[PDB]
Number of protein chains: 2
Amino acid sequence: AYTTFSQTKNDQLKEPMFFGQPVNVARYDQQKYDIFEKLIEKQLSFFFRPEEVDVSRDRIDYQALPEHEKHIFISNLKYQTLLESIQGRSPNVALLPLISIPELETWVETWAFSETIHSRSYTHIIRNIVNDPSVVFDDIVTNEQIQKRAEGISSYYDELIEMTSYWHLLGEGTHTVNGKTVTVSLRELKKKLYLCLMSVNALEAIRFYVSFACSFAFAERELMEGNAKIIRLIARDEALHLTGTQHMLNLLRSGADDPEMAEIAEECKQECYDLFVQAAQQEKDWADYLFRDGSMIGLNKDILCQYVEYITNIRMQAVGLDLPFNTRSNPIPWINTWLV
Amino acid sequence: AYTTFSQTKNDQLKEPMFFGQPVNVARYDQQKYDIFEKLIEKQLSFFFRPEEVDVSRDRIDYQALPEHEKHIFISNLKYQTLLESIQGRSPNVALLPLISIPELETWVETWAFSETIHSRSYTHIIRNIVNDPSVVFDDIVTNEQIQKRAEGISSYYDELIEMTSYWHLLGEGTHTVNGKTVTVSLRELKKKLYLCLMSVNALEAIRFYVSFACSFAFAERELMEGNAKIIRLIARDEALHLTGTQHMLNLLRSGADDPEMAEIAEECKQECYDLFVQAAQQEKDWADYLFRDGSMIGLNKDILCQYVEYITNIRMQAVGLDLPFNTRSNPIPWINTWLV
Ligand SMILES: [Fe+3]
Ligand SMILES: [Fe+3]
Ligand SMILES: [Fe+3]
Ligand SMILES: [Fe+3]
Ligand SMILES: [Hg+2]
Ligand SMILES: [Hg+2]
Ligand SMILES: [Hg+2]
Ligand SMILES: [Hg+2]
Ligand SMILES: [Hg+2]
Ligand SMILES: [Hg+2]
Ligand SMILES: [Hg+2]
Ligand SMILES: [Hg+2]
Ligand SMILES: [Hg+2]
Ligand SMILES: [Hg+2]
Ligand SMILES: [Hg+2]
Ligand SMILES: [Hg+2]
Ligand SMILES: [Hg+2]
Ligand SMILES: [Hg+2]
Ligand SMILES: [Hg+2]
C-alpha cells in the first residue's frame, strides 16, 4: 500500500525514479538526478503574477478583430485553458503516488503548481476581454472540437491512476473482484506510466507550442499584446516542463534507472511513435476548425501544419523516436522572437 | 471512477467542497466560497526564497552553543522537517482526488506547495549549520522519539487514501475482494475525511506552533537569527493554512455545504475532541526527550506543557469544541513579538 511517510530508512540516492519505496524525508542537499533540483530552482526563479500584466487594451483589439479572427483567438485560448486545467492537477494525482526519489517528487509538485498559475493567467486574460467569462469557460467542457483531445489526454492519466490504485490495494497477482478476475502486473503498470509520460511529453512539447504560434501571430501584428506578454511567461515555463519529461523518458529508456522499463519501452516503441503522431495529427485537424471561416495574416492551415511537423520531428528525435515527417527548417522563424 | 477531466458540464458553484463531481475547468473568476480564492491570493503574495536568507552566522552560533542547547535546537528542527515532508505531499495525494470545487482544489495545491518551500527552507538551514546533513535527515526517519510524537499523522492520511481508492474503484456497496467482504460506505469515507481534516487542523495549528516557540526561544537570546527570519516566514504561511482548515471544518459543520457532513460533524464530536487531547499529550511527552540533557532559561518542560494547553484551548474553541484544559494566560507572551 501507499504511505505518506515510509518508516524504513533508505538510501534515496539508490532508489529508481518510480515504483521504489515511497519518499519519506524531503531533503534537497543531494540528488540522484541533479537535473530535477536544477529545474525546481529555475521554476521557482520564474514565478510571476498574471494579474500584474496590463491586458486592458486587449479588450478593444479583440472587439475590433474580424469575426473569424475572434474565433481563432478564443478557440485557441479555450484549448490552452483546458490543457492547463488538466496539467495543474494531473501530474500530482498520477505521479505523486509512484515517485521514490525526493527531487522528482518536489519537481512534479513545482511543475504542477506553475501550471495552476498558468490557469490563473488565462482567467485574468478572459475576464479582461469578454463581458461574461462564463460563456467562455462553459464552452470548454462541451466544445466538440476541443474535447477531441482532452479525452485522449485524460484517458492516459485516468488509466494509469486506476491501475495504480489496484496495485497499491492488491499488489501483483491474479485477483477476483465481484465475480471477475482482475490481473495486476507491475510490468503493465510500468508500461502505462511510460505511455502516460510520453503523452504528457507531447502535450508539453507540441500541443502547447502549436497554440503559442497562434497567439504570437496576433502579437506580430501588434494585437492582443497583453495576452502575448502572459504567453511569453507561460512558454518560458513549458520549456522547463518539457526538459523534465524528456529527462524522465530518456533515463527510463536507457536502462540506467530501471532495466525493466528500458525493456518495456523498447517493446512499445511503435506504440509511442503512433501516440506521438496521433497528437500531431490532432493538432493538424484543429487547424481546419480554426481556419474554417478564413485565416489571418502570418497564419493559415498550411503554415500551421508545417510548424507542427517541424516541431514534432524535433521532439520525437529528442526522446529516441523515428522522424515521422520530412525534415525542413523552421517555417515561422519569427516565432523565435517570442520563445526561449 | 476518478477522472482528471470530467466531461459533464456542471455548475461548480453548486458542488459540495468534497465528494461531488471531479473538477474539470480551473477557473478563478467566481467561487462558491471566496475565502479560498482570498487564501490563494494571500499565499501567492507571501512567496519567498529560503536560500536568499543568510544563515552563515547561524553556523557559528550553533557550534558555540552549549551541547544540550544544540540537542534542543536540532531535535526541534528535525521534527519540523518531518512535518513539512509530510505536509508537502499529503494534502495533494489525500485531498485532491476528493475535491469538487475549483477554488478549493487550487488552494490545496498552493497550500501543499508552500509546505515544500518550508522543506527547502529547512534543508538550507540544516546544510548550513551541520557538517553532515545525512546524519540529521536519516535520524528523522529512525528517531523513535520523533516518530512517537508524530504517531497518527501518516496513519490517518494512509487510511483515507486506501478507502478513497476502494471508493473510486468499486463504488458504494458491499463487495467481495479475493474472497473477503469489503464494505465501501460513502458516509464512512466522509467521516474519515472529516477526521483527517480535524487532524491536519491540529497539526497546522498546534504542532507547528509549539515548535516555533522552541525556535524563537533562541531568537530571544540573539542567537540563530537566520533560522528566526525563516521561521517567521514559515509561521506566516501556517497562519493561512490553519485559517483554511478552520474554515473548511466550520463550513462543513454549518450544514450550508453537504448536509450529511453537518450530521457527521455532530456524530463524531467526541472523536474530534479526542484527537486534540491525544495530540496535546504527544506534544507534551516530547518534552522528556527535548530536555533530557537539560533545559534553558525560559524554556523547559513545565513552560512547554503550559504553552501546549494554552494554544490547544484556543484552537479547539475556534472550531467549536469544548476546552479540555484549565483556562490560562499566555505563558510565553514574548512569542507574540515573533509571530504576525
Ligand atoms: Fe502551463
Ligand atoms: Fe507545462
Ligand atoms: Fe509548513
Ligand atoms: Fe502548513
Ligand atoms: Hg498521461
Ligand atoms: Hg502522465
Ligand atoms: Hg492565431
Ligand atoms: Hg498555430
Ligand atoms: Hg511506448
Ligand atoms: Hg508516444
Ligand atoms: Hg501537419
Ligand atoms: Hg504539413
Ligand atoms: Hg489526516
Ligand atoms: Hg487530511
Ligand atoms: Hg517549545
Ligand atoms: Hg462520525
Ligand atoms: Hg469529528
Ligand atoms: Hg467536530
Ligand atoms: Hg501544563
Side-chain angles (χ1 to χ4, degrees), chain A residues 26 62 65-66 68-77 79-80 156 188 190-199 201-202 210-221 223-224 227-228 231 249 252-253 261-276 286-287 289-291 293-301 303-304 307 316 319-321 332 335, chain B residues 43 46 48 50 79-91 110-122 200 203-205 207-209 211-212 230-231 233-242:
Chain A
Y62 183 73
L65 286 180
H68 71 290
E69 268 170 47
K70 293 179 185 178
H71 172 65
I72 291 176
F73 185 84
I74 213 67
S75 290
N76 188 62
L77 187 58
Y79 182 52
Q80 299 169 306
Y156 279 114
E188 282 291 336
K190 291 190 173 185
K191 177 183 177 182
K192 288 293 184 186
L193 176 60
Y194 199 80
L195 292 173
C196 189
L197 288 176
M198 185 60 68
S199 174
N201 184 79
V210 175
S211 75
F212 296 159
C214 297
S215 301
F216 295 136
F218 282 109
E220 280 296 309
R221 302 189 309 177
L223 296 178
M224 309 307 283
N227 174 79
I231 303 302
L249 288 164
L252 292 175
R253 52 183 285 248
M261 261 291 199
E263 179 186 304
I264 294 172
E266 182 55 47
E267 183 174 60
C268 62
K269 190 168 185 176
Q270 180 61 254
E271 201 176 326
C272 274
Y273 172 97
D274 296 325
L275 180 172
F276 227 118
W286 168 272
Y289 171 65
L290 197 62
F291 304 112
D293 292 61
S295 58
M296 57 185 260
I297 304 178
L299 184 57
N300 61 61
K301 301 107 297 182
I303 298 295
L304 184 161
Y307 186 60
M316 291 179 67
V319 294
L321 293 173
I332 52 173
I335 192 71
Chain B
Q43 183 64 85
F46 292 158
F48 71 88
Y79 178 64
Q80 300 176 313
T81 303
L82 166 66
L83 296 183
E84 299 294 8
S85 296
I86 293 176
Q87 287 309 83
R89 70 179 67 99
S90 300
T110 302
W111 159 22
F113 175 68
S114 73
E115 308 286 40
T116 66
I117 300 300
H118 299 175
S119 290
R120 292 176 65 73
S121 296
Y122 288 122
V200 46
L203 175 50
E204 299 282 344
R207 299 182 187 280
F208 276 135
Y209 284 71
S211 76
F212 295 158
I230 292 178
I231 302 307
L233 295 173
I234 294 179
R236 161 212 262 178
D237 292 340
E238 303 309 341
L240 298 183
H241 303 169
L242 74 80

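Any value given below was found using the heavy atoms of this structure, including those in side chains, with hydrogens, waters and symmetry copies removed. Within every chain, numbering begins at 1; the chains are lettered A, B, ... in the order of the sequence lines, protein sequences first and strands thereafter. Atoms within a ligand are numbered from 1 in the order they appear, just like the ligands themselves.
Screening B:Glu204, B:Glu238, B:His241 against B:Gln87 for a side chain to side chain donor-acceptor pair (under 3.5 Å) leaves a single residue, B:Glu204.
Around the Hg ion (ligand 9), the angle linking A:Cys268 (SG) with A:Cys272 (SG) is 170°, rounded to 10 degrees.
The atom name of the N/O/S atom in B:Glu115 closest to the Fe ion (ligand 3) is OE1. Residue-level check: among N/O/S atoms of B:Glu238, OE2 sits closest to the Fe ion (ligand 3). For B:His118, the N, O or S atom closest to the Fe ion (ligand 3) goes by the atom name ND1.
With hydrogens and angles disregarded, a donor-acceptor distance shorter than 3.5 Å links the side chain of A:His71 to the backbone of A:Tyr289.
B:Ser211 and B:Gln80 share a side-chain donor-acceptor pair at under 3.5 Å.
Taking 4.0 Å as the cut-off between side-chain N and carboxylate O, A:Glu271 and A:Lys191 count as a salt-bridged pair.
Taking each heavy atom of A:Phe212 and A:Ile335 in turn, the nearest pair found is O-CD1, 4.4 Å.
Distances from the Fe ion (ligand 3) show that B:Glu204 has no N/O/S atom below 2.8 Å.
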